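For reference, the structure is listed below as structure tokens.
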Amino acid sequence: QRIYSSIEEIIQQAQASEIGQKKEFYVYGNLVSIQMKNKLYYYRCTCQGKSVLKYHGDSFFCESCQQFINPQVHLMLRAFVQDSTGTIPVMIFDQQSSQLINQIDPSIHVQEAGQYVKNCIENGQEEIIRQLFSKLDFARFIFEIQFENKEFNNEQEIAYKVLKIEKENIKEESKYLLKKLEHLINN
Amino acid sequence: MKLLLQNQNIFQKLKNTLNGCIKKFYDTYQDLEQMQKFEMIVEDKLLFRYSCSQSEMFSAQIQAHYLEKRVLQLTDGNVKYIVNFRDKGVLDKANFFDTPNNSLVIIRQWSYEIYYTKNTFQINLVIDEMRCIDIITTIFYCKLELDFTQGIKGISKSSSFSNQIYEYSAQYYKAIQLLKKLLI
Amino acid sequence: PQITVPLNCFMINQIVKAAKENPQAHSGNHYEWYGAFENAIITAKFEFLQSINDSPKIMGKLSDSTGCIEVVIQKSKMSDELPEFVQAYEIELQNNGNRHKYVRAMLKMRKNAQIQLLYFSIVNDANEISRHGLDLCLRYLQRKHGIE
Amino acid sequence: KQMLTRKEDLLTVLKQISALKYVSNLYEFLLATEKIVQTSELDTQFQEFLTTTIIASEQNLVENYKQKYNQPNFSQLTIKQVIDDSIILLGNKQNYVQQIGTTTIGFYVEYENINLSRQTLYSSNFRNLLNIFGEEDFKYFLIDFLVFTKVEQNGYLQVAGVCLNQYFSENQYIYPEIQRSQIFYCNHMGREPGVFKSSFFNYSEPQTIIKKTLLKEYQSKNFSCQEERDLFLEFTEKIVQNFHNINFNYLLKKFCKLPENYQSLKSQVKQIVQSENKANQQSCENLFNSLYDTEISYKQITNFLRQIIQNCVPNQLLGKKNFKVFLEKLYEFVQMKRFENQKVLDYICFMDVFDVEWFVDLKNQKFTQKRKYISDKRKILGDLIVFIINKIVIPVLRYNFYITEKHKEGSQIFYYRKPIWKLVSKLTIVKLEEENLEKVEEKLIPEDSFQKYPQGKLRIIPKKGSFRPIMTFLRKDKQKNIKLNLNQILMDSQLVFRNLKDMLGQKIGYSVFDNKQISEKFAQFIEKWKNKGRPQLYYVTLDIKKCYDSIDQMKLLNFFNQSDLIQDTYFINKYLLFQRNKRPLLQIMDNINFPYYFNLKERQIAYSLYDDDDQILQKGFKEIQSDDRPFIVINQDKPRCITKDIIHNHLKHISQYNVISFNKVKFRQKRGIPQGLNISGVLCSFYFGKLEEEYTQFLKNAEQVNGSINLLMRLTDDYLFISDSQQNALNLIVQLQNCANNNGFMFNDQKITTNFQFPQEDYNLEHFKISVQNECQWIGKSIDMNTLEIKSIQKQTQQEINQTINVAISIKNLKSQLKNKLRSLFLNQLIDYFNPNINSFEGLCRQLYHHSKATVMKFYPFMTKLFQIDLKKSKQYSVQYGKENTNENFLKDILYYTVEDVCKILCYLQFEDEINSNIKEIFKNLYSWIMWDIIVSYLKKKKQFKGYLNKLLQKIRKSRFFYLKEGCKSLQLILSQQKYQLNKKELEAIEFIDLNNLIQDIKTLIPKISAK
DNA sequence: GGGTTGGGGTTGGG
Ligand SMILES: [Zn+2]
């Protein structure tokens, strides 16, 4: 079976953790406040092209495969997860972002989400994207969160990334709360 | 934001001001009259007051404050400090935007305060002028800290985890030893 | 140390009554129940209340097994429409033959002011009631033990 | 007509923008909304704030904010709470002033960055504003309006609303680009002439290898079918086979061969290198000149390239006529300037698609869609051209030649054979080693600085009898985790020293940095000279030789440490500045926006934590304005901190452990600071200012000791001194010589230019070479000793002028590019010395005459290049200018509008707003006539312009003359009405016009203005 | 699994 921890426990363990340490947790929480100020997506090749050579006129050519490739869009999103206890900023990758996009709008296909977002942004239809992001506010889920104590530009930092996102169901969450409260009463 | 405060190098200013205070006290009390040394050795009263110079101003974020004991907590990046302030007038002069808490402030001037208590000497840091600039509602989790309201016990705590804290604690202990050697 | 805490109508009532009866507290809008808070979470049925000559403010009602609270709903000023979360409740109410339902509501309260309700979601599962009750008790225990 | 004004109002400017429908100040808005009444009383400061505050909105929303009797206005929440509510209501929108430095999380807002503008938002004035307004109306007013508050005489700070920068923002094929820049500065040399061993020409020694090495062209998307790719592969195989049969030695010996005395030069270089004692200076200079006189000619190199191409590339690859066209254009490409480049269209527009025979079409579009077929084949022809050039021509020039520019030849290009450059490099290394560079070993330099700082590269430019080293610091070390170069590392200290430069101007020496400072100093000295009564003047000119290398590192460090003008800690603020341009306000076709009237600039600033007078903490900017026109500033949320200790460490590192590389050989400076660093100029100015203030004590008291007017400026290492006392000048020379002797530096060439003659024996100045001239020349400026007037120095020949002009033309933005280029050419230097406080009307006229005469010759190559393209083939220009004389109409329109704009700017600069409009118009007409007469006189002889255009230009000139005469005639009647009282400047202008007799003709003023 | 802000353009003094 699984064990669920709270946001405050995750925060304390991440702070106490040394540089280069990783750990995973499962949390009942709700997504909120998706950020779109930075670039929403990046380009990668099918053969896991580490370096993508930018050209003009929407021309692309990978280096890990060395063929004329059609660019592939990978969706990058930042938001905040929060339980009743605390709030933290999280990294959402292509798979999870596409999953939420298809969940909120079944019309767009799973890997079609990045292309749809890119097309809307380039054409100049940002109101639709903003409304779609707003419709995801206070969306309860079950989150698999991993923290990394890593150093960037000779500066220590802690980064939070979500690994799995699952549909929520009240029964086992209530059971977990019940056993936790019973344990507290017993102690 | 954390980098901006870490670049301040508060420890350098603290060490320089402590050295200046120690030297000034040493030169100003070279009389060494035994009865005078005896009579200024009394319980719970200040003996000297050294105001910091204009060069050593720094900025920190206020995390908590206590009006009853006039205790104010400052922090930046990894290190948080607990100091005292002169009175409520310092708070009123600082045109706080909403509240003292979670507000970024710049210390215009402060002064080291020396006290004799329980047959030893305690050095206090008192904030004199305060100025608020902008509100920072970002909680910094300081693993390390030093206390100016407990003396040597409140400073030498957690010294093993920070080289700068170790050096400052050594300087504090040397200053205490010199003060007690001169006065007694 | 947390601004959001879950509690029900009776807790709202006792807190408001105590604050009004004993106003010798800090000169700040924050309430005091084992600390200061501004946000609350409550699950109870919602029903519209017809006010008079009050266009900008829309009066609500949250009856629960412990009591009833009054909240105010604010709408946009540049144009006269309703927030999407309440239009959804209105259309659901007209669709289901005018049947009220429990909702999971998050609301902000400040002393010397009305209780503003910012967002709610209609709940269709009964286990959410037990979830809310257990969460309330657990959070109250946590706050009491963290005070000490 | 519309005139530029020195004084403008922000509200007046804003009312001229069509996008904004409602513009008013806060007080009148409140009165209209009835939130307050005139009978109500307020504090004077609050009333002034309400009056000065300016708000605007895209629509009229007065009714929406009308006072409502349903419920009164009492406030119980905090201003922070109201602002948080407004930010939450803003939601996902991410372009507003109030959101800067903060983020929204659900119904909670978080502040994490420093915003200096929040003080105005949370001030007591805004608190009282909220008290008047009410929460529900304030939360929406902060969004529906753009709020601007006055904080200076003319400056405004936006605190709410959409950020102003938001208003300053199906595909088509784009051809590849010729990589011409790769030719320059190649120091590599190889045993056998040819190309680099890494090239596919040498890598091959079948079609498999060629395909592997040329996939980038083989798998291009422009190819219709696999057969085309196979044919191209076969052509590449044939090219590769033909290439190996080229006798490069014979070609070099035939076309561009070494000089006959090459062996003698090599022997001389070897002897100089091996000689232990110092080499003879004149012998080394002669060797330098002899080496530099071995350059190859453009025609020779063109013949070389043509011979290489003809026997290497099959003629059927491009077509019989296209091959000849390419060969002909090759010369034009060869003679092409340094910062100039060709385009693929320059070849495509002149060759024929149908000439190619091996082209095959999958679908029979040759007769159905001829235009589509032509485009499809052009897409392949351009690819072939780019491949051929960038794979054969550029590598050959890079491998077999060193290509660069000389010292005083401007942008002109020169070629040198590789062995000659090897000899030059050896000789230059020998010269530098004895003086300032030493070979270094990585053992000595500490590993900390070794991994912390990147190294530099050295480049040498030929000079007459010598060289000119240039060291660059562009590279960054991929290893050791380095992502920035030295300038990017040090730009913080650069900001700090730029702040220092402000008080460096007048406090601790005589240092100048810009033409504005030079002009104001000149104006003050001219006024003092006028007060004295125009006595005789004498001048002395001298300069320091190699100022950067003569800087004592220990002395510089001591000055930095003991200087109190540098504070311990500084904070960095970033902000955006919006400033009025030089465009007059339109008077009320419908699409008028902010960029039409304002220019956006990004600025950074460093400020101290002291309670300074400028109180940067309150505003966030420090700008100097030469006019009363308003400007707008918005702050940013990216602050930085810098400490004096970091600057000290950087200075110590650059002074001691400066490491540069050359030919994979490391070197280290021994004295001075390296030129090319962003702080070098300021550091040099400060260092020499210390010594000059040390040795110029007498000048501090001389002007009241005996009342002698004297002026001293120093720009970097150049000195200029004008005084009234020959004794003062001699004393200054003696003191400067003493200071140089004491501090171990010297002056260039031992040469000094004076206005007098004195015995050098008395003052031990025998070694000096005094040159006596009656006209001073300083930093390229010409000064009169009689009228004390200043004008710039211009070249005299078209050959001299063309050497400094880079021509870049794109068909997309011809009008904009040409208009901006001509505007910049006219306003490059004239605006900085058109001060009426310096010159008289005749002086201004002469200055404009000479500057225009220079600029027309400067700009002539641009229309020569323009005529190479016929605009009748472009719809965008044909629909606007017909099809017969499109080029002539376009040029006429450009010239007319540019001249009109220049004349308007000149009148604005010359006169103030109080001067009469008739005088302004008359002077504008006179200037326009002068410019047009110069242009017509220059262009009346050219063959291309000989016909249609000259009549139009003559008509324009005649119209300008007629208008000037008519205005002059009408001005007399205008003034005769007694309705106007003339001031001293107006009387001077009237006297000038009457003296020159502008009523009849212009023949009187021409001899006075055209004198050289 | 991401990551200053990379350019565009080239005149006149030093
Ligand atoms: Zn690939």
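By convention in this document, the chains of the structure tokens carry letters A, B, ... by their order, each chain's residues are numbered from 1, and ligands are numbered from 1 in the order they are shown.
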With only C-alpha atoms (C1' of nucleotides) as the counted atoms, please give the residues lying no more than 12 Å from residue E:12, apart from itself and same-chain residues fewer than 6 positions off, as a JSON list (two decimals) with C-alpha atoms, in the first residue's frame.
[["chain", "number", "residue", "atom", "x", "y", "z"],
["D", 410, "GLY", "CA", 38.66, 53.28, -42.63],
["D", 514, "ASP", "CA", 30.87, 64.29, -24.33],
["D", 515, "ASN", "CA", 30.21, 67.10, -26.78],
["D", 779, "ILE", "CA", 39.85, 65.88, -31.66],
["D", 780, "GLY", "CA", 38.91, 66.52, -35.29],
["D", 781, "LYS", "CA", 37.43, 69.97, -34.57],
["D", 792, "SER", "CA", 34.04, 70.22, -37.50],
["D", 793, "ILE", "CA", 36.67, 69.06, -40.00],
["D", 794, "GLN", "CA", 35.51, 67.34, -43.18],
["D", 804, "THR", "CA", 34.13, 55.10, -44.17],
["D", 805, "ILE", "CA", 30.69, 54.28, -45.64],
["D", 824, "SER", "CA", 21.55, 60.16, -39.20],
["D", 825, "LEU", "CA", 24.11, 61.39, -41.73],
["D", 827, "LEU", "CA", 22.38, 64.92, -37.66],
["D", 828, "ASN", "CA", 25.58, 63.00, -36.86],
["D", 829, "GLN", "CA", 27.68, 65.97, -35.72],
["D", 830, "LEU", "CA", 25.88, 69.22, -36.57],
["D", 832, "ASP", "CA", 26.13, 68.97, -31.06]]
Please list as a VMD selection string every residue within 12 Å of stretch 489-494 of chain D, counting only C-alpha atoms (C1' of nucleotides) and excluding residues in the same chain fewer than 6 positions away.
(chain D and resid 452 to 454 473 to 474 476 482 to 483 500 to 501 566 569 to 573 604 to 607 639 to 651 653 to 654 677 to 683) or (chain E and resid 4)
If the limit is 9 Å from any atom of ligand 1, counting only C-alpha atoms (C1' of nucleotides) and all ligand atoms, which residues qualify? Return them as a ChimeraX atom specification.
/A:44-52,61-69
Using N, CA and C atoms, can you write the selected residues to a file as a PDB file, in the first residue's frame?
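Result file result_25.pdb:
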ATOM      1  N   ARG A  44      11.995  19.700 -29.126  1.00  0.00           N
ATOM      2  CA  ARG A  44      12.899  18.563 -29.035  1.00  0.00           C
ATOM      3  C   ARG A  44      12.653  17.644 -30.223  1.00  0.00           C
ATOM      4  N   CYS A  45      13.659  16.836 -30.545  1.00  0.00           N
ATOM      5  CA  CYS A  45      13.542  15.914 -31.663  1.00  0.00           C
ATOM      6  C   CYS A  45      12.967  14.575 -31.203  1.00  0.00           C
ATOM      7  N   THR A  46      12.599  13.747 -32.184  1.00  0.00           N
ATOM      8  CA  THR A  46      12.049  12.431 -31.877  1.00  0.00           C
ATOM      9  C   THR A  46      13.110  11.493 -31.315  1.00  0.00           C
ATOM     10  N   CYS A  47      14.361  11.634 -31.759  1.00  0.00           N
ATOM     11  CA  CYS A  47      15.463  10.803 -31.291  1.00  0.00           C
ATOM     12  C   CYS A  47      16.143  11.376 -30.053  1.00  0.00           C
ATOM     13  N   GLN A  48      15.420  12.170 -29.262  1.00  0.00           N
ATOM     14  CA  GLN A  48      15.953  12.828 -28.069  1.00  0.00           C
ATOM     15  C   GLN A  48      17.124  13.743 -28.432  1.00  0.00           C
ATOM     16  N   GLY A  49      16.837  14.699 -29.312  1.00  0.00           N
ATOM     17  CA  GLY A  49      17.837  15.663 -29.722  1.00  0.00           C
ATOM     18  C   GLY A  49      18.208  16.614 -28.605  1.00  0.00           C
ATOM     19  N   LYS A  50      19.417  16.452 -28.061  1.00  0.00           N
ATOM     20  CA  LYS A  50      19.857  17.308 -26.966  1.00  0.00           C
ATOM     21  C   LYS A  50      20.001  18.756 -27.418  1.00  0.00           C
ATOM     22  N   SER A  51      20.558  18.973 -28.607  1.00  0.00           N
ATOM     23  CA  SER A  51      20.748  20.307 -29.161  1.00  0.00           C
ATOM     24  C   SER A  51      19.906  20.439 -30.421  1.00  0.00           C
ATOM     25  N   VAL A  52      19.087  21.485 -30.477  1.00  0.00           N
ATOM     26  CA  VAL A  52      18.265  21.790 -31.642  1.00  0.00           C
ATOM     27  C   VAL A  52      18.808  23.065 -32.268  1.00  0.00           C
ATOM     28  N   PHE A  61      16.704  21.053 -37.830  1.00  0.00           N
ATOM     29  CA  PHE A  61      17.609  19.959 -38.172  1.00  0.00           C
ATOM     30  C   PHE A  61      18.264  19.470 -36.890  1.00  0.00           C
ATOM     31  N   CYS A  62      17.973  18.232 -36.502  1.00  0.00           N
ATOM     32  CA  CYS A  62      18.532  17.688 -35.276  1.00  0.00           C
ATOM     33  C   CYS A  62      20.003  17.326 -35.460  1.00  0.00           C
ATOM     34  N   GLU A  63      20.710  17.244 -34.332  1.00  0.00           N
ATOM     35  CA  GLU A  63      22.099  16.812 -34.316  1.00  0.00           C
ATOM     36  C   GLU A  63      22.286  15.389 -33.813  1.00  0.00           C
ATOM     37  N   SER A  64      21.362  14.878 -32.996  1.00  0.00           N
ATOM     38  CA  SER A  64      21.450  13.503 -32.523  1.00  0.00           C
ATOM     39  C   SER A  64      20.978  12.497 -33.562  1.00  0.00           C
ATOM     40  N   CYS A  65      20.310  12.952 -34.619  1.00  0.00           N
ATOM     41  CA  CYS A  65      19.841  12.082 -35.685  1.00  0.00           C
ATOM     42  C   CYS A  65      20.344  12.477 -37.065  1.00  0.00           C
ATOM     43  N   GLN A  66      20.597  13.765 -37.303  1.00  0.00           N
ATOM     44  CA  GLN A  66      21.140  14.265 -38.567  1.00  0.00           C
ATOM     45  C   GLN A  66      20.194  13.977 -39.737  1.00  0.00           C
ATOM     46  N   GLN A  67      18.951  14.426 -39.579  1.00  0.00           N
ATOM     47  CA  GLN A  67      17.972  14.398 -40.656  1.00  0.00           C
ATOM     48  C   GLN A  67      17.095  15.635 -40.550  1.00  0.00           C
ATOM     49  N   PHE A  68      16.485  16.002 -41.674  1.00  0.00           N
ATOM     50  CA  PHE A  68      15.526  17.101 -41.691  1.00  0.00           C
ATOM     51  C   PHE A  68      14.284  16.679 -40.917  1.00  0.00           C
ATOM     52  N   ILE A  69      14.115  17.221 -39.716  1.00  0.00           N
ATOM     53  CA  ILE A  69      13.069  16.797 -38.795  1.00  0.00           C
ATOM     54  C   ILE A  69      11.974  17.851 -38.752  1.00  0.00           C
TER      55      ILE A  69
END
Backbone-only DSSP, strand (DSSP E or B) members of stretch 132-163 of chain D, as a ChimeraX atom specification
/D:146-150,155-160
Output file for the residues above (N, CA, C and O atoms, as a PDB file, in the first residue's frame):
ATOM      1  N   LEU D 146      -4.695  54.306 -16.781  1.00  0.00           N
ATOM      2  CA  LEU D 146      -3.243  54.403 -16.734  1.00  0.00           C
ATOM      3  C   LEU D 146      -2.889  55.613 -15.882  1.00  0.00           C
ATOM      4  O   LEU D 146      -3.253  56.742 -16.225  1.00  0.00           O
ATOM      5  N   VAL D 147      -2.182  55.379 -14.782  1.00  0.00           N
ATOM      6  CA  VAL D 147      -1.918  56.407 -13.782  1.00  0.00           C
ATOM      7  C   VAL D 147      -0.484  56.884 -13.943  1.00  0.00           C
ATOM      8  O   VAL D 147       0.452  56.077 -13.941  1.00  0.00           O
ATOM      9  N   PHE D 148      -0.314  58.196 -14.081  1.00  0.00           N
ATOM     10  CA  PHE D 148       0.996  58.824 -14.173  1.00  0.00           C
ATOM     11  C   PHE D 148       1.078  59.931 -13.132  1.00  0.00           C
ATOM     12  O   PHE D 148       0.199  60.798 -13.073  1.00  0.00           O
ATOM     13  N   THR D 149       2.126  59.898 -12.316  1.00  0.00           N
ATOM     14  CA  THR D 149       2.336  60.872 -11.255  1.00  0.00           C
ATOM     15  C   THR D 149       3.621  61.640 -11.522  1.00  0.00           C
ATOM     16  O   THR D 149       4.652  61.039 -11.845  1.00  0.00           O
ATOM     17  N   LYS D 150       3.559  62.960 -11.388  1.00  0.00           N
ATOM     18  CA  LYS D 150       4.736  63.795 -11.579  1.00  0.00           C
ATOM     19  C   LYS D 150       5.665  63.667 -10.380  1.00  0.00           C
ATOM     20  O   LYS D 150       5.236  63.808  -9.231  1.00  0.00           O
ATOM     21  N   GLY D 155       9.372  64.931 -15.463  1.00  0.00           N
ATOM     22  CA  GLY D 155       9.290  63.487 -15.452  1.00  0.00           C
ATOM     23  C   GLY D 155       8.016  62.973 -14.806  1.00  0.00           C
ATOM     24  O   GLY D 155       7.456  63.593 -13.906  1.00  0.00           O
ATOM     25  N   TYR D 156       7.561  61.819 -15.286  1.00  0.00           N
ATOM     26  CA  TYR D 156       6.380  61.160 -14.753  1.00  0.00           C
ATOM     27  C   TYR D 156       6.668  59.679 -14.565  1.00  0.00           C
ATOM     28  O   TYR D 156       7.432  59.071 -15.320  1.00  0.00           O
ATOM     29  N   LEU D 157       6.039  59.101 -13.545  1.00  0.00           N
ATOM     30  CA  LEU D 157       6.228  57.700 -13.194  1.00  0.00           C
ATOM     31  C   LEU D 157       4.880  57.001 -13.237  1.00  0.00           C
ATOM     32  O   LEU D 157       3.963  57.375 -12.500  1.00  0.00           O
ATOM     33  N   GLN D 158       4.758  55.993 -14.097  1.00  0.00           N
ATOM     34  CA  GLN D 158       3.528  55.219 -14.178  1.00  0.00           C
ATOM     35  C   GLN D 158       3.475  54.218 -13.033  1.00  0.00           C
ATOM     36  O   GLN D 158       4.442  53.491 -12.788  1.00  0.00           O
ATOM     37  N   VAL D 159       2.344  54.180 -12.333  1.00  0.00           N
ATOM     38  CA  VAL D 159       2.192  53.334 -11.155  1.00  0.00           C
ATOM     39  C   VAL D 159       1.068  52.320 -11.287  1.00  0.00           C
ATOM     40  O   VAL D 159       0.969  51.420 -10.439  1.00  0.00           O
ATOM     41  N   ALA D 160       0.220  52.420 -12.309  1.00  0.00           N
ATOM     42  CA  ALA D 160      -0.886  51.489 -12.462  1.00  0.00           C
ATOM     43  C   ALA D 160      -1.305  51.437 -13.922  1.00  0.00           C
ATOM     44  O   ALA D 160      -0.966  52.315 -14.720  1.00  0.00           O
TER      45      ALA D 160
END
Show me, as CSV, the residues of chain D having an atom within 10 Å of chain B, each with the closest atom pair and its distance in Å, using only C-alpha atoms.
residue,atom,partner,partner_atom,distance
D:78,CA,B:98,CA,7.7
D:79,CA,B:98,CA,8.1
D:80,CA,B:98,CA,6.7
D:81,CA,B:98,CA,9.3
D:101,CA,B:136,CA,9.8
D:102,CA,B:136,CA,9.3
D:109,CA,B:137,CA,8.9
D:110,CA,B:137,CA,5.8
D:111,CA,B:136,CA,5.1
D:112,CA,B:136,CA,5.3
D:113,CA,B:1,CA,6.6
D:114,CA,B:134,CA,6.3
D:115,CA,B:134,CA,6.9
D:116,CA,B:134,CA,7.4
D:117,CA,B:134,CA,9.2
D:118,CA,B:134,CA,6.9
D:119,CA,B:133,CA,7.4
D:121,CA,B:97,CA,9.8
D:122,CA,B:97,CA,6.4
D:123,CA,B:97,CA,8.2
D:124,CA,B:97,CA,9.9
D:567,CA,B:55,CA,7.4
D:568,CA,B:55,CA,6.1
D:569,CA,B:8,CA,7.4
D:570,CA,B:8,CA,9.3
D:571,CA,B:4,CA,8.6
D:572,CA,B:4,CA,9.7
D:609,CA,B:57,CA,7.7
D:610,CA,B:54,CA,8.2
D:611,CA,B:108,CA,8.9
D:617,CA,B:133,CA,8.2
D:618,CA,B:133,CA,9.3
D:638,CA,B:1,CA,8.7
D:639,CA,B:4,CA,7.6
D:640,CA,B:4,CA,5.7
D:641,CA,B:4,CA,5.2
D:642,CA,B:7,CA,7.0
D:643,CA,B:8,CA,7.1
D:645,CA,B:9,CA,10.0
D:646,CA,B:7,CA,9.4
Distance cut-off 9 Å, counting only C-alpha atoms - which residues of chain D neighbour chain A? Return them as a PyMOL selection string.
chain D and resi 91-94+104-106+171-174+176+215-216+219-221+481
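Among the candidates B:126, B:142, B:67, B:91, the one nearest to chain A when counting only C-alpha atoms is B:142.
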I'd like a table as a Markdown table: residues in chain A with an atom no more than 10 Å from chain B, each row giving the shortest atom pair and its distance in Å to one decimal, only C-alpha atoms counted, sorted by chain and rising residue number.
| residue | atom | partner | partner_atom | distance |
| --- | --- | --- | --- | --- |
| A:12 | CA | B:141 | CA | 9.8 |
| A:15 | CA | B:141 | CA | 7.8 |
| A:16 | CA | B:143 | CA | 8.7 |
| A:155 | CA | B:3 | CA | 8.6 |
Check which residues of chain D sit at most 12 Å from chain C using only C-alpha atoms, and return one row each with the closest pair of atoms and their distance in Å to one decimal, ordered by chain and rising number, as a tab-separated table.
residue	atom	partner	partner_atom	distance
D:59	CA	C:78	CA	11.5
D:60	CA	C:78	CA	11.6
D:61	CA	C:78	CA	8.7
D:62	CA	C:78	CA	11.3
D:63	CA	C:78	CA	10.4
D:64	CA	C:78	CA	6.9
D:65	CA	C:78	CA	9.2
D:66	CA	C:77	CA	11.9
D:68	CA	C:56	CA	11.2
D:69	CA	C:53	CA	11.5
D:70	CA	C:54	CA	8.2
D:71	CA	C:54	CA	9.6
D:74	CA	C:113	CA	11.7
D:75	CA	C:113	CA	10.5
D:76	CA	C:112	CA	7.7
D:77	CA	C:29	CA	7.7
D:78	CA	C:29	CA	8.9
D:81	CA	C:29	CA	10.2
D:85	CA	C:118	CA	11.2
D:86	CA	C:76	CA	11.9
D:88	CA	C:118	CA	10.7
D:89	CA	C:76	CA	9.4
D:90	CA	C:76	CA	11.5
D:106	CA	C:118	CA	10.4
D:107	CA	C:118	CA	8.3
D:108	CA	C:3	CA	9.7
D:136	CA	C:77	CA	8.4
D:137	CA	C:77	CA	8.4
D:138	CA	C:77	CA	11.3
D:139	CA	C:77	CA	10.0
D:140	CA	C:77	CA	7.7
D:141	CA	C:78	CA	10.4
D:143	CA	C:78	CA	10.8
D:144	CA	C:78	CA	9.0
